[PDB]
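Structure, as C-alpha cells:
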Amino acid sequence: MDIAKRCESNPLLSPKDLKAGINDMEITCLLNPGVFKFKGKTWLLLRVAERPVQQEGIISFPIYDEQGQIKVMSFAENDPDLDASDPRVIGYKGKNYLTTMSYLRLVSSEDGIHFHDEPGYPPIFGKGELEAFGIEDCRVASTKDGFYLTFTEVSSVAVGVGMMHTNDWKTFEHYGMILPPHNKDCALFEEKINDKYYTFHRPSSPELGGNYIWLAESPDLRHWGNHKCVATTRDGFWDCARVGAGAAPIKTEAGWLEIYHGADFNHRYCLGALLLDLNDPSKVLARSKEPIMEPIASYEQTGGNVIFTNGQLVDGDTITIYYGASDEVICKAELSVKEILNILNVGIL
Amino acid sequence: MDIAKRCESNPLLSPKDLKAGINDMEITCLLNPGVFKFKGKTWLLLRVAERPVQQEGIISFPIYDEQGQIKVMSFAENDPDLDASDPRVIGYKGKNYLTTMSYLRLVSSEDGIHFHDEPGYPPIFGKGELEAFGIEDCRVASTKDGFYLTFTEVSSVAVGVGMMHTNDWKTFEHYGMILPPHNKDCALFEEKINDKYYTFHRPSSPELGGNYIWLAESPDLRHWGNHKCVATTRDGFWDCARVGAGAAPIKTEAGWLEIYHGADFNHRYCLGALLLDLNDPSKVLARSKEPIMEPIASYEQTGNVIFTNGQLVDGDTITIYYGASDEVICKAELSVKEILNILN
Ligand SMILES: O=P(O)(O)O[C@H]1O[C@H](CO)[C@@H](O)[C@H](O)[C@@H]1O
Ligand SMILES: O=P(O)(O)O[C@H]1O[C@H](CO)[C@@H](O)[C@H](O)[C@@H]1O
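Okay, here's the thing in C-alpha cells:
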C-alpha cells in the first residue's frame with residue numbers, strides 16, 4: 001500500500017527542539033506545516049500548539065481576552081460541568097474551549113532537513129474576535145502574485161477559514177474569513193483556470209451531509225461561490241469517516257493531482273490521491289482505492307495513528323511532502339508523480 | 001410582550017385551500033413565504049411541502065428519478081433497516097430521506113388577503129444534484145435590478161443556500177450555491193452599502209459555535225466573503241437555542257431594522273427585533289430583550308411556531324406574512340416606531 005520514501009532523519013522537529021513562542025507556555029505539539037521556497041531556502045510554516053505547565057487535577061489553557069492580550073483559564077478536572085473526554089476540545093457549561101492555543105511559526109532550511117528560526121521573521125499569532133482561540137493548519141499557495149495563506153480561524157463562535165497575503169513574509173494583508181463555520185482544510189490552487197481562482201474546502205454538516213471535499217470559485221480571492229461537492233467519504237473504506245484536501249493540487253498532464261487525507265471511525269488518518277479534470281476541477285477522473293501512505297512508522301503511532311500533510315515541494319517527478327505525525331512531530335517523505343498515476347490506472351506518455 | 005396586530009382573516013391559506021402541485025400528492029404544509037409586489041398585486045412565494053397518500057403498513061415519500069421527474073419511493077413500515085421515528089427525516093441502511101418534498105409556489109392577491117394561483121406563473125421546483133431533496137424558505141429581495149431569491153437547497157450531501165434572479169417571474173437565472181452547508185436563513189439586503197452587497201446568513205456549527213446570525217459581503221451577488229458574526233443565541237433567554245434572520249432588513253433613520261426569529265430548547269419560536277448600524281451592519285445597536293411577537297393565537301399552536312421571511316412596508320406599518328405551526332399562512336401588522344421605542 002505505502003509508497004512513501006521517508007526521510008531517514010524523521011522526525012525533523014519535535015516540541016523539545018524549539019523555545020516556546022508564548023511567554024510562560026510550553027510547546028505540546030508541532031504539526032501540519034505549510035511549505036514553500038523563499039530567498040534560496042526551504043521554509044515550513046509550523047502549526048505550534050502551546051499551553052501552561054499543567055498542575056495536577058487542573059486543566060489550564062490560554063485565551064486572548066477582549067483586548068487581544070493573552071490570559072490563562074483553568075478548571076478543576078473533576079468539575080461536574082466539565083466534559084474533558086476529548087483532549088483537543090473541552091466543554092464547560094455548554095461552551096467549547098481548546099486545551100492549547102495554536103499559532104503559525106516560520107522556520108527555514110538550506111538542506112530541507114535541519115530547520116531553524118530565522119532572525120527578522122517572527123510568528124503569526126491570531127488577531128481579532130474570530131481568531132481568539134488560535135489559527136491552524138496553514139496552506140501556502142506560491143503564485144506569480146506572491147504567497148496566499150489559508151488557515152483555520154478558531155473562536156468560541158466558529159471554526160472557519162481565513163486568508164492572508166504576503167510578498168516578504170514580514171508584512172501581511174488579511175482578507176478576513178473567506179469561508180464561514182464549520183469549515184477548514186482550505187487548499188487554494190496556485191494558478192487560475194478559465195480566468196477564475198479555485199479552492200478545495202471541507203464544510204462539516206451536523207445532518208444531511210458529512211465531512212466531504214468541496215470546490216469553490218472566486219474572481220478575486222476574497223469572495224467565494226458556486227460551491228460543488230467533489231468527493232465524499234466511502235462506506236467500508238479507509239476513508240469512511242472524513243476526508244479533506246491537503247496542499248494545493250499539482251498540475252499534471254492528466255489533471256490536477258491532489259494528495260488528500262482520509263480517516264476511518266478509529267481516527268486512523270492516511271493519505272490518498274485524487275485526480276481532477278484540468279478544466280473542470282469538480283470532476284473526479286481517478287481516486288486511490290487503497291492509501292498511498294499509511295501511519296506505519298514508529299513516530300506515526302504515539303500519544306496516534308495519524309499522518310497529515312498540507313504542504314509540499316515538487317521538483318520534476320519528485321514530490322517532497324512535509325507532514326505532521328501523531329499530531330506531535332514534523333516529518334518529510336518523497337513520492338513519485340508517475341508512480342501515483344500508474345497505480346491509479348491513468349495513462350501517461 | 002406581543003405587539004402584533006393579527007389579520008382577522010387568519011389563516012389566509014391552509015393546505016386544503018390549494019390543489020396539489022405534484023399530481024396525486026397531498027399538501028401537508030404551507031409555510032414561510034417570500035413576499036413582494038409585482039404588476040399591481042401582492043404576491044407570496046409559498047414554501048409548499050407535498051407527499052403521496054400514505055397507505056397502511058407503508059411509508060412513501062417523493063424522490064427525483066434519473067430523468068429529473070418527481071416520483072415516489074416506499075418502504076415497509078416493519079422493515080428492520082428502517083428508522084421512521086422522526087416524521088421529518090427517515091433513515092434506511094444509513095441513508096437519509098425527507099418525508100416530504102418542498103418547492104416554491106406563486107400566489108397573488110388584489111387585497112393582500114385572498115390569494116390564488118396565477119395562470120402563466122407555474123411553481124419553482126428544485127433542479128440539479130444540490131436540490132434533489134427540494135428548496136425551502138425563499139427570501140425575495142425587491143431591488144432596482146429586479147428580484148433576487150435566496151433559499152435553502154437540500155440534498156443528501158448538503159443543506160446550503162441558492163440564489164436566483166428574475167425580472168418577470170417567468171424566466172430565472174440561477175447563480176448556484178452561494179453558501180456551502182450547513183446554512184440557511186439567507187436575507188439579502190435590497191440595496192448596496194458602500195458599493196457592496198450584503199446578506200445575513202446562518203451557518204450551523206457541530207461544535208465551537210452554534211446557530212447564529214452572520215453577515216457576508218459581495219461585489220457581484222454570486223461570490224461572498226468577509227464573514228462576520230452578528231448575533232448569537234442568549235443563555236437564559238427566549239432565544240437560547242437558535243436564531244435566524246427573516247426577510248431583508250428595513251432601512252430606518254436609526255439603522256437597519258431586522259425582524260429575526262429565535263427559539264428556546266422547547267422548540268418554541270418567536271420574533272424579535274435587531275437594529276444594525278447603517279454603514280456597518282455587523283454592528284448591533286439594539287436588540288429586543290423580550291419577543292415582539294409570540295405564538296399565542298390558536299392557529300399558532302397546532306407547534307408553537309411563528310416564522311417570517313417576507314413583509315411589506317407602507318410608512319410606519321410593516322405587513323408581515325408568516326408561517327404558523329409550520330402549517331398555515333398568516334398576516335399581521337407591526338409599527339416601526341413602536342419597535343424603535345421598545346428598543347430604547
Ligand atoms: O478535520 P480533519 O481534516 O479530519 O483534520 C483534523 O484532524 C487531524 C487529525 O487529528 C488534525 O491533524 C487536524 O488539525 C484537524 O484537527
Ligand atoms: O433553522 P431555523 O431558522 O431555526 O428554522 C427551522 O425551523 C423552523 C421552525 O420549525 C422552520 O419553519 C424552518 O423552515 C427551519 O427548518
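So the protein lines, in turn, are chains A and B. Under the entry's author numbering, read the first sequence as residues 1 to 303, 306 to 351, first letter to last. Under the entry's author numbering, read the second sequence as residues 1 to 302, 306 to 347, first letter to last. Yeah, the Cβ is synthetic: ideal placement off N, Cα and C, and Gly gets one too.
1. Could you check how far apart the C-beta atoms of residue 103 of chain A and residue 236 of chain A are, in whole angstroms? I think they sit under 8 Å.
2. Do residue 292 of chain B and residue 263 of chain B come within 7 Å of each other at the CB atom, strictly closer than that value?
3. Could you spell out the range, first to last residue, of the beta strand (DSSP E) harbouring residue 30 of chain A?
4. Consult DSSP for residue 95 of chain B and reduce its assignment to one of helix, strand or coil.
5. Just tell me which of B:18, B:63 and B:1 has its CA closest to the CA of residue 331 of chain B.
6. Quick check on residue 328 of chain B: does DSSP put it in helix, strand or coil?
7. I need the boundaries of the beta strand (DSSP E) containing residue 46 of chain A, first residue and last residue.
8. Apply the 10 Å Cβ neighbour rule to residue 113 of chain B and answer buried if 16 or more other Cβ atoms are within range, or exposed otherwise.
9. Quick one: give me the first and last residue of the alpha helix (DSSP H) that residue 304 of chain A is part of.
10. If contact is defined by three or more beta carbon pairs under 8 Å, each pair taking one atom from either stretch, is the segment 170-183 of chain B in contact with the segment 230-247 of chain B?
11. Assuming residue 160 of chain A and residue 194 of chain A make a contact with CB atoms under 8 Å, what is their CB distance in whole Å?
12. In chain A, which residues lie less than 8 Å from residue 165 of chain B when you measure between Cβ atoms?
13. What residues in the segment 157-189 of chain A bring their beta carbon closer than 8 Å to a beta carbon of chain B?
14. Against chain A, with Cβ distances strictly below 7 Å, would residue 60 of chain B count as a contact?
15. Mapping the DSSP letters down to three states, classify residue 243 of chain B as helix, strand or coil.
16. Under the three-state reduction of DSSP, which class applies to residue 217 of chain B: helix, strand or coil?
17. Can you pull the chain A residues whose beta carbon is under 9 Å from the beta carbon of residue 203 of chain B, in chain order?
18. Cβ of residue 222 of chain A less than 7 Å from any chain B Cβ?
19. So if DSSP puts residue 272 of chain B in a beta bridge, which residue, or which two residues, is it bridged to?
20. Got a sec, what are the start and stop residues for the beta strand (DSSP E) residue 173 of chain B sits in?
21. How many angstroms separate the CA atom of residue 38 of chain A from the CA atom of residue 312 of chain B?
22. Is the closest heavy atom of ligand 1 to the C-beta of residue 310 of chain A under 6 Å?
23. May I have the straight-line CA-CA distance separating residue 62 of chain A from residue 162 of chain A, to the nearest angstrom?
24. With 7 Å set as the bound, which would you pick, yes or no: does the beta-carbon of residue 194 of chain B sit closer than that to a beta-carbon of chain A?
25. Mapping DSSP to helix, strand and coil, what is residue 299 of chain B?
26. Starting from residue 212 of chain A, find everything on chain B with Cβ-Cβ shorter than 7 Å and list it in chain order.
27. Would you verify that the beta carbon of residue 267 of chain A is, or is not, closer than 7 Å to some beta carbon of chain B?
28. Which partner residues does residue 317 of chain B have in the DSSP bridge list?
29. Would you identify the three-state DSSP class for residue 72 of chain B, choosing helix, strand or coil?
30. Inspect the beta-carbon positions of residue 128 of chain A and residue 101 of chain A and report whether they are closer than 7 Å.
31. Taking the alpha-carbon of residue 49 of chain B as reference, which of B:5, B:26 and B:344 has the nearest alpha-carbon?
32. Would you check if there are 3 or more beta carbon pairs closer than 8 Å linking the segment 186-201 of chain B to the segment 61-75 of chain B?
33. Closest Cβ-Cβ distance between residue 227 of chain B and chain A: below 7 Å?
34. When every heavy atom of ligand 2 is checked, does at least one fall within less than 6 Å of the C-beta of residue 269 of chain B?
35. Do the segment 275-286 of chain A and the segment 244-260 of chain A make contact, defined as three or more Cβ pairs closer than 8 Å?
36. Going by the C-beta, is residue 246 of chain A closer than 6 Å to any heavy atom of ligand 1?
Walking through what the data contain:
1. Actually they are not in contact, since the Cβ atoms of residue 103 of chain A and residue 236 of chain A sit about 39 Å apart, beyond 8 Å.
2. Taking 7 Å as the Cβ cut-off, residue 263 of chain B and residue 292 of chain B do not qualify as a contacting pair.
3. 26-38
4. strand
5. B:18
6. If DSSP states are grouped into helix, strand and coil, residue 328 of chain B belongs with coil.
7. 41-51
8. Result: exposed.
9. Structure remark: chain A lacks residues between 303 and 306, so residue 304 of chain A is without coordinates.
10. no
11. Their Cβ separation, rounded to whole angstroms, is 27 Å, which puts residue 160 of chain A and residue 194 of chain A out of contact at 8 Å.
12. Here the premise fails: no neighbours, minimum Cβ distance about 14 Å.
13. 157, 158, 159, 160, 175, 176, 177, 178, 179, 180, 181, 182 and 183
14. no
15. strand
16. strand
17. 158, 160, 180, 181, 182, 183 and 203
18. By the rule that beta-carbons nearer than 7 Å mark a contact, residue 222 of chain A touches chain B.
19. B:260
20. 173-179
21. Their backbone Cα atoms lie some 51 Å apart in a straight line.
22. yes
23. 21 Å
24. It does not: the Cβ of residue 194 of chain B has no partner Cβ on chain A nearer than 7 Å.
25. helix
26. 157
27. No, no contact with chain B.
28. B:320
29. strand
30. 7 Å or more divides the Cβ of residue 128 of chain A from the Cβ of residue 101 of chain A.
31. B:26
32. They do not touch, by the three-pair rule.
33. yes
34. yes
35. yes
36. no
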